[PDB]
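Engineer:
There are 2 protein chains.
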Amino acid sequence: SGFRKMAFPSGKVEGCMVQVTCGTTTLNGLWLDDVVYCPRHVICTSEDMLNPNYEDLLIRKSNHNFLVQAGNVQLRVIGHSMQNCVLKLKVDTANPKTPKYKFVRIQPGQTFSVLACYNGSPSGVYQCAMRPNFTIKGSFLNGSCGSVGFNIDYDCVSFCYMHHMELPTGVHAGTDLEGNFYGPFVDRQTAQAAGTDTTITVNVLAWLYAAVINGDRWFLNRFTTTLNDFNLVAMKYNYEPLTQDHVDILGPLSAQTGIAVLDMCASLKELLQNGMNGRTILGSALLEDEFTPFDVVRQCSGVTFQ
Amino acid sequence: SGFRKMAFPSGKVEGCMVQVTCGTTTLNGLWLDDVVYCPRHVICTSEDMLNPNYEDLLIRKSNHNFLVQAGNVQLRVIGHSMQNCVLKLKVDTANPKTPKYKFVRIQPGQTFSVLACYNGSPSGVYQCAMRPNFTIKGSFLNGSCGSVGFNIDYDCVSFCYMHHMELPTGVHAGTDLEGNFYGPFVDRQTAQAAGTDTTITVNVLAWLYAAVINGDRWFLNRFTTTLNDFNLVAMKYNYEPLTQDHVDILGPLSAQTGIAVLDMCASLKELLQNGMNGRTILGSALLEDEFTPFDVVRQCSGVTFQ
Ligand SMILES: *[C@@](O)(c1nc2c(F)cccc2s1)[C@H](C[C@@H]1CCNC1=O)NC(=O)[C@@H]1[C@@H]2[C@H](CN1C(=O)[C@@H](NC(=O)C(F)(F)F)C(C)(C)C)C2(C)C
Ligand SMILES: *[C@@](O)(c1nc2c(F)cccc2s1)[C@H](C[C@@H]1CCNC1=O)NC(=O)[C@@H]1[C@@H]2[C@H](CN1C(=O)[C@@H](NC(=O)C(F)(F)F)C(C)(C)C)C2(C)C
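In order, the protein sequences belong to chains A and A'. A prime marks a further copy of an entry chain. First residue of the first sequence: 1, per the authors' numbering; consecutive thereafter. First residue of the second sequence: 1, per the authors' numbering; consecutive thereafter.
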């Protein structure tokens, strides 16, 4: 028992991190097989960042201008191209620690671990959600760019995020590994703000199931509700609509605890209308929405990797 | 900017995890050089656990009775001894992935990462505090025993915790790596409960500094206080006394933000007496006490390892 914000083991991803330098800009890169992936703004100076023309800056560079280091070792670059907001540097050495991997684009509400890095070295790991407004609530400093987010399935690392920038209110924005941004952000120092965020309703419900599994059951009431009535209430508290797919995805947890999803929905509705009245759930005073149904199952059933 | 519960990168520790089986009991072990460390209760049956005589169970075993596996590979045991509540199995193969390491015993209030494992494989990693009452607030299931907690300093892994048991209220208890328990717990299924816990005052103060660093400054008042007056108030809200050593340890953060420790103490005193009045600090509705001063600095200044 116990329930924590748990990150995936970071080892397989630690073995892929390198430092990429172009002039006086240094940031992190991800070395898979014989390719290094990093943010394209590695090619920018201080003066380039209001409105850079990346294609123009890139044509002016050749292979040798890119200093890639893996620990003590410099990797010789032998090719370079740009894909969306990412740069791919072909190198002459395949990374022997490359794990089985894929590139995926996640959906809003999905969680992943971030391996925060500086100078190609790891600072730490933490779990995050892709927010409905396409930001993440990260912890990133200058030099964190090229840090990645990922999920693990048995032996396979799915890379879903590469870090690029910080937006107003200290939230974060970045790309998939093909260099396409999550949300309408661009990689230039210009005025940009995330839209209003919302609560990821299905995740709140998954965490309420986790609470029942851990014996924290005071908020369960004796009612049910329809999906329609529930969704009218949720909408007023800035909660995402719950879809039938969300209901289906909650099925394992429902089946395990014996509590129908629509009954849990009646219990959440009461929480939203009445507040928690100074009580906690799993040690928390606020409803948490950064655990997915799958995150709850893996934690509570002891799913392992590697 | 941003502030998260960040765990150390787990790779160096992932490379040391193995599975130890003795009869039908399987749990996790830590393979450093040519020695495997695991909880001694690996030698127990179901019927042994109310009141086991470990020394008696152990004399009945020989080397070959211990099945140690590292992935696909079985490690041949060539010696065994017991140290306090830990078993040391000498094996014929040195772990080539052994990092530089030490065994340390931490003090109450200190944080560390836990690499939760089942069958010698990692489930996830999370940050924890050794509580004043010598429990940790973990997330552990059956089979998690032998999971370890650690800190990293540059390249050196300091192992401070090995997991043994779960106590009432779903908190956790375990040993240092010489097999001595934190707190007055014993490794037998008998009635045991942790004493009343308290809040780790110095950590709450470190997290308040983190909030100011991140621009969350609404709770700062215009007063100071003496250490004595502060400690009388803290005592009533079940906060640990703040010592002069705690004040000294907070010095970097104080110096960075420009806020004297005793002024931050005046601000915390107001929080304890008046509550937070429905506001959050760094997204939290409760005061957090599982970040140390060092955890705050490393996160906010981007300290890396490996
Ligand atoms: C990233 O680590 C790095 N970016 C550069 C760089 F452009 C040149 C040299 C070295 C580095 S490292 C960095 C991560 C940020 C810094 C603070 N927290 C982070 O997450 N990214 C940026 O600095 C980034 C790059 C230029 C401006 N950037 C921003 O993050 C800015 N944000 C925006 O302008 C906004 F998002 F639009 F709001 C900033 C600096 C926070 C104001 C570019 C987007 C290319
Ligand atoms: C641990 O993973 C394992 N212990 C055994 C074992 F003894 C025999 C075979 C296999 C395993 S695996 C396990 C971790 C626990 C289980 C639930 N959450 C955890 O953190 N430890 C125990 O089961 C442990 C061992 C016997 C009884 N144990 C307890 O944790 C019990 N607690 C207590 O009796 C109390 F702490 F005193 F309260 C239990 C099972 C939670 C009631 C012993 C202490 C040797």
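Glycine is no exception: its CB is placed at the ideal position from the N, C-alpha and C atoms.
Sorted by chain position, which residues of the same chain lie with C-beta nearer than 8 Å to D216/A''s C-beta, five sequence neighbours on each side aside?
Structural biologist: Along the second sequence, one-based indexing puts residue 216/A' at 216. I281 and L282.
Engineer: Could you spell out where the beta strand (DSSP E) holding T26/A opens and where it closes?
Structural biologist: Here residue 26/A refers to the residue found at position 26 of the first sequence. Its beta strand (DSSP E) spans residues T25 to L32.
Engineer: At a Cβ cut of 7 Å, what residues of the segment 268-285 of chain A' count as close to chain A, listed as they run along the chain?
Structural biologist: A285
Engineer: How is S139/A' classed by DSSP in three states: helix, strand or coil?
Structural biologist: Looking up residue 139/A' in the second sequence gives position 139. DSSP places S139/A' in the coil class of the three-state scheme, outside both helix and strand.
Engineer: Use the C-beta contact count for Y154/A': other C-beta atoms within 10 angstroms, 16 or more gives buried, fewer gives exposed.
Structural biologist: Position 154 of the second sequence, counted from the start, is the residue given in the question as residue 154/A'. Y154/A' should be labelled exposed.
Engineer: What does a CB cutoff of less than 6 Å around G195/A' pick up in its chain, not counting 5 residues either side in sequence?
Structural biologist: Indexing the second sequence from 1 puts residue 195/A' at position 195. Closer than 6 Å at Cβ, skipping near neighbours: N133.
Engineer: Please report the straight-line C-alpha distance between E270/A' and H246/A', rounded to a whole angstrom.
Structural biologist: On the second sequence, position 270 is the one that residue 270/A' refers to. On the second sequence, position 246 is the one that residue 246/A' refers to. Rounded to whole angstroms, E270/A' to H246/A' spans 20 Å at the Cα level.
Engineer: Taking DSSP as the reference, what is the three-state secondary structure of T199/A?
Structural biologist: Position 199 of the first sequence, counting from 1, holds the residue named residue 199/A. Here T199/A sits in strand by DSSP.
Engineer: Is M17/A' helix, strand or coil when you go by DSSP?
Structural biologist: For the purposes of this step, residue 17/A' is taken as the residue at position 17 of the second sequence. It is a strand residue.
Engineer: Take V18/A as the anchor and find which of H41/A, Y118/A and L250/A has the nearest alpha-carbon.
Structural biologist: Position 18 of the first sequence, counting from 1, holds the residue named residue 18/A. With distances taken between Cα atoms, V18/A lies closest to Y118/A.
Engineer: Can you tell which of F8/A', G120/A', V36/A' and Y209/A' has the C-alpha that lies nearest to the C-alpha of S144/A'?
Structural biologist: Along the second sequence, read from residue 1 onward, the residue named residue 144/A' stands at position 144. Closest in alpha carbon position to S144/A', among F8/A', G120/A', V36/A' and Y209/A', is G120/A'.
Engineer: Under the criterion of a Cβ to heavy atom distance below 8 Å, does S123/A' qualify as lining ligand 1?
Structural biologist: Walking along the second sequence from the start, residue 123/A' turns up at place 123. No, the beta carbon of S123/A' sits no closer than 8 Å to any heavy atom of ligand 1.
Engineer: Using a cut-off of 7 Å between C-beta atoms, extract the partners of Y182/A' located in chain A.
Structural biologist: Working through the second sequence from its first residue, we reach residue 182/A' at position 182. Simply none; closest approach about 16 Å.
Engineer: Please classify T24/A' as buried or exposed, where buried requires at least 16 other C-beta atoms within 10 Å of its C-beta.
Structural biologist: In the second sequence, residue 24/A' corresponds to position 24, counting from 1. Exposed, since its Cβ has fewer than 16 Cβ neighbours within 10 Å.
Engineer: Out of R76/A', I43/A' and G2/A', point me to the one whose CA is closest to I59/A''s CA.
Structural biologist: Here residue 59/A' is taken as the residue at index 59 of the second sequence, counted from 1. Closest option to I59/A', judged by alpha-carbon separation, among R76/A', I43/A' and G2/A': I43/A'.
Engineer: For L205/A, which beta-bridge partners are listed by DSSP?
Structural biologist: Translated into the one-based positions of the first sequence, residue 205/A becomes position 205. Paired residue(s): none; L205/A is not in a bridge.
Engineer: Mind checking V13/A': buried by the 16 CB within 10 Å criterion, or exposed?
Structural biologist: The residue labelled residue 13/A' in the question sits at position 13 within the second sequence. Buried, by the Cβ-count rule.
Engineer: Should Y118/A be flagged as near chain A', meaning a C-beta pair shorter than 9 Å?
Structural biologist: Here residue 118/A corresponds to residue number 118 of the first sequence, with the count starting at 1. Chain A', which has a Cβ nearer than 9 Å to the Cβ of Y118/A, makes this yes.
Engineer: May I have the straight-line CA-CA distance separating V91/A' from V35/A', to the nearest angstrom?
Structural biologist: For the purposes of this step, residue 91/A' is identified with residue 91 of the second sequence, where counting begins at 1. For the purposes of this step, residue 35/A' is identified with residue 35 of the second sequence, where counting begins at 1. Cα-Cα distance, rounded: 6 Å.
Engineer: Over what stretch of residues does the alpha helix (DSSP H) that includes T175/A' continue unbroken?
Structural biologist: Taking the second sequence and counting its residues from 1, one reaches residue 175/A' at position 175. In the DSSP assignment, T175/A' falls outside any alpha helix (DSSP H) and within the unbroken beta strand (DSSP E) covering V171 to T175.
Engineer: Taking only the alpha-carbon atoms, compute the straight-line gap between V125/A' and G11/A and give it to the nearest angstrom.
Structural biologist: As a working mapping, residue 125/A' is identified with position 125 in the second sequence. As a working mapping, residue 11/A is identified with position 11 in the first sequence. Straight-line Cα distance between these residues: approximately 11 Å.
Engineer: Determine, using beta carbons only, whether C160/A' and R222/A' come nearer to each other than 9 Å.
Structural biologist: Looking up residue 160/A' in the second sequence gives position 160. Looking up residue 222/A' in the second sequence gives position 222. Contact flag unset, no.
Engineer: Mapping DSSP to helix, strand and coil, what is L89/A?
Structural biologist: Within the first sequence, numbered from 1, the residue matching residue 89/A stands at position 89. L89/A: strand per DSSP, three-state reduction.
Engineer: Beta-carbon of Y209/A' versus every beta-carbon of chain A: anything under 9 Å?
Structural biologist: Here residue 209/A' refers to the residue found at position 209 of the second sequence. No, its Cβ sits nowhere closer than 9 Å to a Cβ of chain A.
Engineer: Along chain A, which residues have their Cβ under 9 Å away from the Cβ of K137/A'?
Structural biologist: The sequence position of residue 137/A' within the second sequence is 137, counting from 1. Here the neighbours are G2, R4 and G283.
Engineer: So what does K102/A bridge to, in DSSP terms?
Structural biologist: Walking along the first sequence from the start, residue 102/A turns up at place 102. DSSP, once it has assigned bridges, lists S158/A as partnering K102/A.
Engineer: Any beta carbon of chain A sitting closer than 9 Å to that of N214/A'?
Structural biologist: Taking the first residue of the second sequence as position 1, residue 214/A' is located at position 214. Yes, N214/A' lies at the interface with chain A (some Cβ there is under 9 Å from its Cβ).
Engineer: Is it buried or exposed for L50/A', if we count other Cβ within 10 angstroms and need 16 for buried?
Structural biologist: One-based indexing of the second sequence puts residue 50/A' at position 50. It is exposed - the Cβ of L50/A' has fewer than 16 other Cβ atoms within 10 Å.
Engineer: Using a Cβ cut-off of 9 Å, pull out every chain A residue sitting near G15/A', in sequence order please.
Structural biologist: Your numbering for residue 15/A' matches position 15 in the second sequence. Within 9 Å Cβ-Cβ: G11.
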